[PDB]
file data_22.cif (mmCIF, C-alpha atoms)
data_final
loop_
_atom_site.label_atom_id
_atom_site.label_comp_id
_atom_site.auth_asym_id
_atom_site.auth_seq_id
_atom_site.Cartn_x
_atom_site.Cartn_y
_atom_site.Cartn_z
CA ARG A 24 0.00 0.00 0.00
CA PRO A 25 2.51 2.68 -1.16
CA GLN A 26 2.14 6.54 -0.77
CA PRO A 27 2.21 8.21 -4.22
CA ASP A 28 5.44 9.20 -6.05
CA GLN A 29 6.37 12.89 -5.29
CA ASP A 30 7.60 13.91 -8.81
CA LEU A 31 6.10 17.44 -9.34
CA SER A 32 7.15 17.81 -13.04
CA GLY A 33 3.43 17.29 -14.06
CA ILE A 34 2.42 20.51 -12.08
CA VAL A 35 5.48 22.93 -12.15
CA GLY A 36 5.19 25.46 -15.03
CA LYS A 37 1.36 24.99 -15.24
CA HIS A 38 -0.78 28.19 -15.67
CA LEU A 39 -4.58 27.71 -15.17
CA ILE A 40 -7.79 29.78 -15.16
CA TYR A 41 -10.72 28.38 -13.10
CA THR A 42 -14.30 29.42 -12.15
CA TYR A 43 -15.66 28.39 -8.69
CA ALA A 44 -19.33 27.15 -8.56
CA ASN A 45 -20.22 30.69 -7.17
CA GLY A 46 -18.83 32.24 -10.44
CA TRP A 47 -15.54 33.65 -8.97
CA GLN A 48 -12.72 33.56 -11.62
CA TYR A 49 -9.20 32.77 -10.27
CA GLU A 50 -5.81 32.33 -12.03
CA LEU A 51 -2.77 30.33 -10.81
CA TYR A 52 0.84 29.88 -12.09
CA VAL A 53 3.02 27.17 -10.45
CA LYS A 54 6.40 29.00 -10.80
CA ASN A 55 8.40 26.11 -9.17
CA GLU A 56 8.20 23.20 -6.64
CA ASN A 57 7.38 25.65 -3.81
CA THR A 58 6.26 29.03 -5.33
CA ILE A 59 3.10 30.33 -7.10
CA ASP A 60 1.93 33.65 -8.57
CA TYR A 61 -1.89 34.17 -8.59
CA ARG A 62 -4.42 36.73 -9.85
CA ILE A 63 -8.14 37.05 -8.86
CA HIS A 64 -10.52 38.43 -11.58
CA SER A 65 -13.98 38.36 -9.90
CA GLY A 66 -15.79 37.75 -6.60
CA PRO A 67 -15.23 39.79 -3.42
CA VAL A 68 -11.40 40.06 -3.94
CA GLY A 69 -11.42 40.55 -7.76
CA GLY A 70 -8.34 42.76 -8.53
CA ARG A 71 -6.08 41.03 -5.89
CA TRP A 72 -2.81 39.56 -7.27
CA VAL A 73 0.34 38.06 -5.71
CA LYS A 74 3.87 37.03 -6.88
CA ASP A 75 6.29 34.56 -5.20
CA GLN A 76 3.76 33.08 -2.69
CA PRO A 77 5.62 30.30 -0.84
CA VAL A 78 3.59 27.09 -1.14
CA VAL A 79 3.80 23.36 -0.23
CA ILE A 80 2.85 20.99 -3.12
CA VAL A 81 2.32 17.19 -2.96
CA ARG A 82 1.19 14.71 -5.67
CA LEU A 83 -2.02 12.76 -4.72
CA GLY A 84 -2.28 10.56 -7.87
CA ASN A 85 -2.27 10.80 -11.67
CA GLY A 86 -2.57 14.54 -12.62
CA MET A 87 -3.85 15.30 -9.06
CA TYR A 88 -1.88 17.70 -6.74
CA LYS A 89 -2.44 19.44 -3.34
CA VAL A 90 -1.23 23.08 -2.93
CA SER A 91 -1.36 24.71 0.54
CA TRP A 92 -0.06 28.07 1.89
CA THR A 93 -0.64 30.94 4.36
CA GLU A 94 -0.89 34.62 3.38
CA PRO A 95 0.37 37.83 5.04
CA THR A 96 -3.39 38.61 5.66
CA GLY A 97 -3.61 35.50 7.91
CA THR A 98 -5.62 33.61 5.21
CA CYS A 99 -4.85 29.83 4.86
CA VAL A 100 -5.51 28.01 1.50
CA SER A 101 -5.48 24.28 0.56
CA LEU A 102 -6.31 23.40 -3.10
CA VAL A 103 -6.75 19.97 -4.71
CA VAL A 104 -5.99 20.39 -8.47
CA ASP A 105 -7.10 17.64 -10.95
CA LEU A 106 -5.44 18.63 -14.30
CA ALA A 107 -6.57 15.34 -15.99
CA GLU A 108 -10.32 15.88 -15.17
CA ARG A 109 -10.09 19.77 -15.43
CA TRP A 110 -11.52 20.57 -11.94
CA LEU A 111 -10.12 21.97 -8.67
CA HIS A 112 -11.39 22.05 -5.03
CA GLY A 113 -10.53 25.10 -2.88
CA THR A 114 -10.68 25.52 0.90
CA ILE A 115 -9.99 29.20 1.86
CA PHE A 116 -9.80 29.94 5.64
CA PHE A 117 -9.83 33.73 5.79
CA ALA A 118 -9.71 35.93 8.89
CA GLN A 119 -12.94 37.70 9.99
CA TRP A 120 -11.49 41.15 8.92
CA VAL A 121 -10.91 39.83 5.32
CA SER A 122 -14.58 38.62 5.25
CA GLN A 123 -15.71 42.09 6.48
CA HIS A 124 -13.36 44.20 4.27
CA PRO A 125 -12.31 42.12 1.24
CA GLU A 126 -11.68 45.47 -0.60
CA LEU A 127 -8.56 46.09 1.64
CA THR A 128 -6.78 42.97 0.19
CA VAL A 129 -7.47 44.12 -3.45
CA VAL A 130 -3.88 45.23 -4.25
CA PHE A 131 -0.61 44.06 -5.76
CA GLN A 132 0.23 42.49 -2.35
CA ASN A 133 4.06 42.54 -3.03
CA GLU A 134 3.97 46.42 -2.93
CA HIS A 135 1.81 46.42 0.31
CA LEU A 136 3.15 43.59 2.60
CA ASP A 137 3.46 45.87 5.72
CA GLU A 138 -0.15 47.20 5.31
CA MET A 139 -1.42 43.55 5.05
CA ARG A 140 0.43 42.57 8.29
CA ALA A 141 -0.89 45.74 10.07
CA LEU A 142 -4.51 44.82 9.04
CA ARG A 143 -3.81 41.18 10.18
CA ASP A 144 -2.36 42.22 13.61
CA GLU A 145 -5.31 44.66 14.08
CA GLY A 146 -7.87 41.84 13.41
CA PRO A 147 -10.43 40.75 14.21
CA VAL A 148 -9.18 37.23 13.19
CA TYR A 149 -11.87 34.91 14.72
CA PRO A 150 -14.00 33.10 13.99
CA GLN A 151 -12.37 32.23 10.62
CA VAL A 152 -14.74 32.15 7.59
CA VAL A 153 -14.33 29.02 5.40
CA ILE A 154 -15.09 28.68 1.66
CA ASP A 155 -15.20 25.11 0.20
CA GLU A 156 -16.06 25.16 -3.53
CA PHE A 157 -15.35 23.10 -6.66
CA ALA A 158 -14.12 25.03 -9.74
CA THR A 159 -14.00 24.15 -13.49
CA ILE A 160 -10.52 24.65 -15.05
CA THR A 161 -11.38 26.46 -18.35
CA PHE A 162 -7.73 27.01 -19.56
CA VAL A 163 -4.27 25.33 -19.04
CA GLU A 164 -0.84 26.13 -20.65
CA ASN A 165 2.80 25.31 -19.90
CA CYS A 166 4.94 28.44 -19.27
CA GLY A 167 8.02 26.59 -17.84
CA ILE A 168 9.83 27.33 -14.50
CA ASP A 169 10.57 30.75 -12.87
CA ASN A 170 8.86 32.77 -15.69
CA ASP A 171 8.19 36.27 -14.22
CA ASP A 172 6.12 37.40 -17.30
CA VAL A 173 3.08 35.05 -16.82
CA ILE A 174 1.48 37.19 -14.05
CA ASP A 175 3.04 40.71 -14.30
CA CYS A 176 0.05 43.16 -14.07
CA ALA A 177 -3.33 43.88 -12.38
CA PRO A 178 -6.26 41.89 -13.92
CA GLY A 179 -7.93 45.26 -14.86
CA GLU A 180 -4.92 45.99 -17.21
CA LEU A 181 -5.35 42.74 -19.30
CA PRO A 182 -7.32 42.46 -22.60
CA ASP A 183 -11.11 41.94 -21.85
CA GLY A 184 -11.26 38.34 -23.28
CA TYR A 185 -8.02 37.08 -21.50
CA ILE A 186 -10.01 35.42 -18.66
CA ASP A 187 -12.55 33.93 -21.20
CA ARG A 188 -9.98 31.94 -23.33
CA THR A 189 -10.44 28.09 -23.40
CA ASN A 190 -8.60 24.89 -24.51
CA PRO B 25 -16.73 16.62 -15.19
CA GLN B 26 -16.41 17.10 -11.32
CA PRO B 27 -16.63 13.82 -9.32
CA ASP B 28 -19.93 12.43 -7.92
CA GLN B 29 -20.53 13.76 -4.33
CA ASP B 30 -21.91 10.52 -2.73
CA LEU B 31 -20.25 10.41 0.76
CA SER B 32 -21.55 6.90 1.72
CA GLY B 33 -17.97 5.50 1.11
CA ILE B 34 -16.58 7.81 3.93
CA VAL B 35 -19.48 8.33 6.49
CA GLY B 36 -19.23 5.75 9.31
CA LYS B 37 -15.47 5.17 8.68
CA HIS B 38 -13.18 4.95 11.77
CA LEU B 39 -9.43 5.13 11.10
CA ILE B 40 -6.08 5.11 12.96
CA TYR B 41 -3.10 6.75 11.17
CA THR B 42 0.59 7.52 11.88
CA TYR B 43 2.16 10.68 10.34
CA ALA B 44 5.76 10.31 8.93
CA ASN B 45 6.95 12.11 12.17
CA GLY B 46 5.41 9.19 14.21
CA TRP B 47 2.34 11.09 15.57
CA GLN B 48 -0.66 8.65 15.97
CA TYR B 49 -4.13 10.19 15.25
CA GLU B 50 -7.66 8.64 15.20
CA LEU B 51 -10.73 9.83 13.24
CA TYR B 52 -14.46 8.84 13.13
CA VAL B 53 -16.66 10.30 10.32
CA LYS B 54 -19.97 10.47 12.30
CA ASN B 55 -22.00 11.91 9.34
CA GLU B 56 -21.76 14.10 6.16
CA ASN B 57 -20.52 17.10 8.21
CA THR B 58 -19.33 15.89 11.68
CA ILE B 59 -16.26 13.97 13.03
CA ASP B 60 -15.02 12.84 16.45
CA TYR B 61 -11.19 12.57 16.77
CA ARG B 62 -8.62 11.44 19.35
CA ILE B 63 -4.82 12.16 19.32
CA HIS B 64 -2.56 9.44 20.87
CA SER B 65 1.00 10.84 20.45
CA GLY B 66 3.05 13.88 19.32
CA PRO B 67 2.86 17.31 20.99
CA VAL B 68 -0.98 17.16 21.57
CA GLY B 69 -1.24 13.44 22.48
CA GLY B 70 -4.19 13.20 24.95
CA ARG B 71 -6.36 15.77 23.03
CA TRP B 72 -9.80 14.49 21.89
CA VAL B 73 -12.91 16.14 20.37
CA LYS B 74 -16.57 15.15 19.71
CA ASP B 75 -19.01 16.70 17.17
CA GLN B 76 -16.35 18.74 15.25
CA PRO B 77 -18.22 20.41 12.34
CA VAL B 78 -16.43 19.52 9.10
CA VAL B 79 -16.83 19.99 5.30
CA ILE B 80 -16.26 16.76 3.25
CA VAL B 81 -16.02 16.31 -0.56
CA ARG B 82 -15.26 13.21 -2.72
CA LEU B 83 -12.12 13.60 -4.95
CA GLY B 84 -12.17 10.17 -6.68
CA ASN B 85 -12.63 6.46 -5.92
CA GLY B 86 -12.02 6.00 -2.14
CA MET B 87 -10.42 9.52 -1.99
CA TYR B 88 -12.04 12.28 0.20
CA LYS B 89 -11.13 15.82 1.47
CA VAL B 90 -12.08 16.81 5.08
CA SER B 91 -11.55 20.42 6.27
CA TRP B 92 -12.50 22.30 9.49
CA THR B 93 -11.49 25.03 12.00
CA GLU B 94 -11.03 24.49 15.76
CA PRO B 95 -11.94 26.70 18.75
CA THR B 96 -8.09 27.06 19.26
CA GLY B 97 -7.92 28.83 15.84
CA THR B 98 -6.27 25.75 14.24
CA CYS B 99 -7.31 25.03 10.58
CA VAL B 100 -7.08 21.44 9.16
CA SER B 101 -7.46 20.08 5.58
CA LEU B 102 -6.96 16.29 5.12
CA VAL B 103 -6.88 14.22 1.91
CA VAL B 104 -7.89 10.62 2.87
CA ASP B 105 -7.15 7.75 0.40
CA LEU B 106 -8.99 4.69 1.90
CA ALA B 107 -8.14 2.49 -1.17
CA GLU B 108 -4.31 3.11 -0.93
CA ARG B 109 -4.34 3.41 2.96
CA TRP B 110 -2.61 6.84 3.19
CA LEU B 111 -3.69 10.35 4.24
CA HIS B 112 -2.15 13.83 3.71
CA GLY B 113 -2.63 16.42 6.48
CA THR B 114 -2.17 20.20 6.44
CA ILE B 115 -2.49 21.62 10.03
CA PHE B 116 -2.32 25.47 10.39
CA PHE B 117 -1.95 26.28 14.15
CA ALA B 118 -1.45 29.60 15.98
CA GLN B 119 1.95 30.55 17.48
CA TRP B 120 0.48 30.04 21.07
CA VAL B 121 -0.42 26.37 20.23
CA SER B 122 3.17 25.84 18.92
CA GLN B 123 4.55 27.32 22.19
CA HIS B 124 2.11 25.61 24.63
CA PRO B 125 0.65 22.49 22.94
CA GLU B 126 -0.04 21.12 26.50
CA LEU B 127 -2.90 23.73 26.88
CA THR B 128 -4.95 22.02 24.07
CA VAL B 129 -4.55 18.52 25.68
CA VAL B 130 -8.16 18.17 27.00
CA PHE B 131 -11.61 16.76 26.25
CA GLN B 132 -12.25 19.99 24.31
CA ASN B 133 -16.11 19.71 24.63
CA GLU B 134 -15.77 20.36 28.44
CA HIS B 135 -13.30 23.31 27.87
CA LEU B 136 -14.62 25.31 24.81
CA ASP B 137 -14.56 28.73 26.62
CA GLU B 138 -10.94 28.22 27.88
CA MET B 139 -9.84 27.34 24.28
CA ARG B 140 -11.50 30.55 22.89
CA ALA B 141 -9.90 32.67 25.69
CA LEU B 142 -6.41 31.20 24.81
CA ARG B 143 -7.18 31.83 21.06
CA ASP B 144 -8.29 35.49 21.59
CA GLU B 145 -5.22 36.06 23.85
CA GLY B 146 -2.75 34.83 21.14
CA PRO B 147 -0.10 35.31 20.01
CA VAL B 148 -1.42 34.09 16.61
CA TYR B 149 1.26 34.92 13.96
CA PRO B 150 3.20 33.68 12.19
CA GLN B 151 1.15 30.45 11.94
CA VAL B 152 3.04 27.11 12.06
CA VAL B 153 2.05 24.75 9.20
CA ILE B 154 2.48 20.95 9.19
CA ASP B 155 2.25 19.08 5.83
CA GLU B 156 2.80 15.32 6.36
CA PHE B 157 1.75 12.00 4.83
CA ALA B 158 0.35 9.36 7.24
CA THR B 159 -0.10 5.55 6.87
CA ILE B 160 -3.67 4.39 7.71
CA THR B 161 -2.94 1.27 9.88
CA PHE B 162 -6.63 0.39 10.72
CA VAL B 163 -10.13 1.01 9.19
CA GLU B 164 -13.63 -0.23 10.28
CA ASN B 165 -17.29 0.78 9.58
CA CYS B 166 -19.13 1.93 12.77
CA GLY B 167 -22.22 3.35 10.93
CA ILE B 168 -23.76 6.88 11.27
CA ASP B 169 -24.18 8.99 14.49
CA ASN B 170 -22.57 6.32 16.77
CA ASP B 171 -21.58 8.17 20.01
CA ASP B 172 -19.75 5.08 21.46
CA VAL B 173 -16.79 4.95 18.95
CA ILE B 174 -14.84 7.84 20.62
CA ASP B 175 -16.20 8.21 24.21
CA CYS B 176 -13.03 8.46 26.43
CA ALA B 177 -9.48 9.92 26.72
CA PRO B 178 -6.79 7.95 24.77
CA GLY B 179 -5.03 7.26 28.15
CA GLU B 180 -8.20 5.32 29.30
CA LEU B 181 -8.16 2.81 26.33
CA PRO B 182 -7.07 -0.87 26.40
CA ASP B 183 -3.26 -1.23 25.81
CA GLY B 184 -3.32 -2.76 22.25
CA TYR B 185 -6.18 -0.56 20.85
CA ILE B 186 -4.00 1.88 18.81
CA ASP B 187 -1.70 -0.96 17.65
CA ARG B 188 -4.43 -3.01 15.81
CA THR B 189 -3.98 -3.42 11.97
CA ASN B 190 -6.11 -4.78 9.00
#
call {"tool": "encode", "arguments": {"input": "data_22.cif", "output": "structure tokens"}}
result
Amino acid sequence: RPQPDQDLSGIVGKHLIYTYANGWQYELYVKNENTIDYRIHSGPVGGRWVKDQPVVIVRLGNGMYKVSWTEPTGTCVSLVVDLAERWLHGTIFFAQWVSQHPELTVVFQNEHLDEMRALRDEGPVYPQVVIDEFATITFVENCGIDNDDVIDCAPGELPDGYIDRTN
Amino acid sequence: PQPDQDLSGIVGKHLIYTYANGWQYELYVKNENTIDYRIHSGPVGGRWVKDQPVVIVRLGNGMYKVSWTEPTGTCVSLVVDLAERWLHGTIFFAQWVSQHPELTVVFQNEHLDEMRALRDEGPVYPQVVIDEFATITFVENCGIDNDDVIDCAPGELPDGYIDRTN
């Protein structure tokens, strides 16, 4: 009864666009074994985007990966990504203050890390608000490792049909 | 093409598992959205919980995700593979739990207010994150809403209970 092989070559370099069952459109790029960039297009935190988010990735089975991390806002995330079947499951544990004021996290976070930690330390943190939703993966491409051009602007500054592309 | 969300393959399941760091945990899926659990070893060995609200989804054949938050502020997301007898755990705990794990070693149901006081006191940040694979050493079906599966402290169990295999 072996635990699955931990080769991550099937996930690193992957760039995906996905729509949660509640309509929220998210974007992910797996920069390397332990780093992602992401960009949020709609829902309460549409406009939020992040580079060089440290992440822990494990392989669950064929084309199936788990991606988990914590954010400077205090938010915790664990994703299950099925590339083969083109779906994803997201658990987002956000702090109470992020639930109350999602607008305050709508930034290029890399230019505002101190502000995020100030809002986090101010709270309130508890109780945490939990989102569990399935998403459809509408788009997948391979952009290779450590490519800083994949996610390099606010979602508002992209062409209008960028988020709507399919394969 | 998202997977069918029939949870009958996970509800009623009772499992004992050992993380790669040797920590022995025990889980009972009481119903679609509730677990009891009992921790036997590692920093919070002695801790046990009844009627933990939980969100469960089916990922594939014999593969389930179980996620919840605790009155301590701890967040948990498990991937359970019953077919291949392994489990992957992500545990996000507050700085104060990392510093004083002994303070969470209780029958939590009799100490909910104390846990929330310790949580609101902090410190909270940075969070400490555990990602570990576990081997599932034992599985049985105990059916739905069975309050007898996990009804005492791990210290009060028969000596061979956590060592059984199948």
call {"tool": "interface_residues", "arguments": {"input": "data_22.cif", "of": "chain A", "to": "chain B", "cutoff": "7 Å", "atoms": "only C-alpha atoms", "output": "JSON list (two decimals) with C-alpha atoms, in the coordinates of the input"}}
result
[["chain", "number", "residue", "atom", "x", "y", "z"],
["A", 24, "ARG", "CA", 0.00, 0.00, 0.00],
["A", 25, "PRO", "CA", 2.51, 2.68, -1.16],
["A", 26, "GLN", "CA", 2.14, 6.54, -0.77],
["A", 101, "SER", "CA", -5.48, 24.28, 0.56],
["A", 108, "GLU", "CA", -10.32, 15.88, -15.17],
["A", 110, "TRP", "CA", -11.52, 20.57, -11.94]]
call {"tool": "resolve_selection", "arguments": {"input": "data_22.cif", "expression": "the PyMOL selection byres ((chain A and resi 83-100) around 9)", "output": "PDB file with C-alpha atoms, keeping the file's coordinate frame"}}
result
ATOM      1  CA  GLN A  26       2.140   6.540  -0.770  1.00  0.00           C
ATOM      2  CA  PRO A  27       2.210   8.210  -4.220  1.00  0.00           C
ATOM      3  CA  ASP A  28       5.440   9.200  -6.050  1.00  0.00           C
ATOM      4  CA  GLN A  29       6.370  12.890  -5.290  1.00  0.00           C
ATOM      5  CA  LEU A  31       6.100  17.440  -9.340  1.00  0.00           C
ATOM      6  CA  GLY A  33       3.430  17.290 -14.060  1.00  0.00           C
ATOM      7  CA  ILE A  34       2.420  20.510 -12.080  1.00  0.00           C
ATOM      8  CA  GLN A  76       3.760  33.080  -2.690  1.00  0.00           C
ATOM      9  CA  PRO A  77       5.620  30.300  -0.840  1.00  0.00           C
ATOM     10  CA  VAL A  78       3.590  27.090  -1.140  1.00  0.00           C
ATOM     11  CA  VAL A  79       3.800  23.360  -0.230  1.00  0.00           C
ATOM     12  CA  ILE A  80       2.850  20.990  -3.120  1.00  0.00           C
ATOM     13  CA  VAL A  81       2.320  17.190  -2.960  1.00  0.00           C
ATOM     14  CA  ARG A  82       1.190  14.710  -5.670  1.00  0.00           C
ATOM     15  CA  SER A 101      -5.480  24.280   0.560  1.00  0.00           C
ATOM     16  CA  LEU A 102      -6.310  23.400  -3.100  1.00  0.00           C
ATOM     17  CA  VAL A 103      -6.750  19.970  -4.710  1.00  0.00           C
ATOM     18  CA  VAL A 104      -5.990  20.390  -8.470  1.00  0.00           C
ATOM     19  CA  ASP A 105      -7.100  17.640 -10.950  1.00  0.00           C
ATOM     20  CA  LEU A 106      -5.440  18.630 -14.300  1.00  0.00           C
ATOM     21  CA  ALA A 107      -6.570  15.340 -15.990  1.00  0.00           C
ATOM     22  CA  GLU A 108     -10.320  15.880 -15.170  1.00  0.00           C
ATOM     23  CA  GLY A 113     -10.530  25.100  -2.880  1.00  0.00           C
ATOM     24  CA  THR A 114     -10.680  25.520   0.900  1.00  0.00           C
ATOM     25  CA  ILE A 115      -9.990  29.200   1.860  1.00  0.00           C
ATOM     26  CA  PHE A 116      -9.800  29.940   5.640  1.00  0.00           C
ATOM     27  CA  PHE A 117      -9.830  33.730   5.790  1.00  0.00           C
ATOM     28  CA  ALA A 118      -9.710  35.930   8.890  1.00  0.00           C
ATOM     29  CA  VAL A 121     -10.910  39.830   5.320  1.00  0.00           C
ATOM     30  CA  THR A 128      -6.780  42.970   0.190  1.00  0.00           C
ATOM     31  CA  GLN A 132       0.230  42.490  -2.350  1.00  0.00           C
ATOM     32  CA  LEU A 136       3.150  43.590   2.600  1.00  0.00           C
ATOM     33  CA  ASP A 137       3.460  45.870   5.720  1.00  0.00           C
ATOM     34  CA  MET A 139      -1.420  43.550   5.050  1.00  0.00           C
ATOM     35  CA  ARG A 140       0.430  42.570   8.290  1.00  0.00           C
ATOM     36  CA  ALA A 141      -0.890  45.740  10.070  1.00  0.00           C
ATOM     37  CA  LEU A 142      -4.510  44.820   9.040  1.00  0.00           C
ATOM     38  CA  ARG A 143      -3.810  41.180  10.180  1.00  0.00           C
ATOM     39  CA  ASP A 144      -2.360  42.220  13.610  1.00  0.00           C
ATOM     40  CA  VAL A 148      -9.180  37.230  13.190  1.00  0.00           C
ATOM     41  CA  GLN A 151     -12.370  32.230  10.620  1.00  0.00           C
TER      42      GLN A 151
ATOM     43  CA  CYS B  99      -7.310  25.030  10.580  1.00  0.00           C
ATOM     44  CA  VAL B 103      -6.880  14.220   1.910  1.00  0.00           C
ATOM     45  CA  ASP B 105      -7.150   7.750   0.400  1.00  0.00           C
ATOM     46  CA  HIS B 112      -2.150  13.830   3.710  1.00  0.00           C
ATOM     47  CA  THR B 114      -2.170  20.200   6.440  1.00  0.00           C
ATOM     48  CA  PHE B 116      -2.320  25.470  10.390  1.00  0.00           C
ATOM     49  CA  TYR B 149       1.260  34.920  13.960  1.00  0.00           C
ATOM     50  CA  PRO B 150       3.200  33.680  12.190  1.00  0.00           C
ATOM     51  CA  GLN B 151       1.150  30.450  11.940  1.00  0.00           C
ATOM     52  CA  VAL B 153       2.050  24.750   9.200  1.00  0.00           C
ATOM     53  CA  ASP B 155       2.250  19.080   5.830  1.00  0.00           C
TER      54      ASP B 155
END
call {"tool": "atom_distance", "arguments": {"input": "data_22.cif", "atom1": "CA of residue 134 (chain A)", "atom2": "CA of residue 173 (chain A)"}}
result
18.0 Å
call {"tool": "closest_residue", "arguments": {"input": "data_22.cif", "among": "A:152, A:38, A:46, A:163", "to": "residue 61 (chain A)", "atoms": "only C-alpha atoms"}}
result
A:38
call {"tool": "atom_distance", "arguments": {"input": "data_22.cif", "atom1": "CA of residue 68 (chain A)", "atom2": "CA of residue 126 (chain A)"}}
result
6.4 Å
call {"tool": "atom_distance", "arguments": {"input": "data_22.cif", "atom1": "CA of residue 42 (chain B)", "atom2": "CA of residue 106 (chain B)"}}
result
14.1 Å
call {"tool": "closest_residue", "arguments": {"input": "data_22.cif", "among": "A:119, A:55, A:190, A:45", "to": "residue 160 (chain A)", "atoms": "all atoms listed in the file"}}
result
A:190
call {"tool": "residues_near_point", "arguments": {"input": "data_22.cif", "point": "(-19.1, 19.7, 10.3)", "cutoff": "6 Å", "atoms": "all atoms listed in the file", "output": "list in words"}}
result
residues 57, 58, 76, 77, 78 and 79 of chain B
call {"tool": "residues_around", "arguments": {"input": "data_22.cif", "residues": "region 121-137 of chain B", "least_positions_apart": "6", "cutoff": "7 Å", "atoms": "all atoms listed in the file", "output": "list in words"}}
result
residues 67, 68, 69, 70, 71, 72, 73, 74, 95 and 152 of chain B
call {"tool": "resolve_selection", "arguments": {"input": "data_22.cif", "expression": "the PyMOL selection byres ((chain B and resi 34) around 8)", "output": "ChimeraX atom specification"}}
result
/B:31-33,35-37,53,86,88
call {"tool": "axis_aligned_box", "arguments": {"input": "data_22.cif", "around": "region 124-128 of chain B", "padding_each_side": "3 Å", "output": "AutoDock Vina command-line options"}}
result
--center_x -1.4 --center_y 23.4 --center_z 24.9 --size_x 13.1 --size_y 10.5 --size_z 9.9
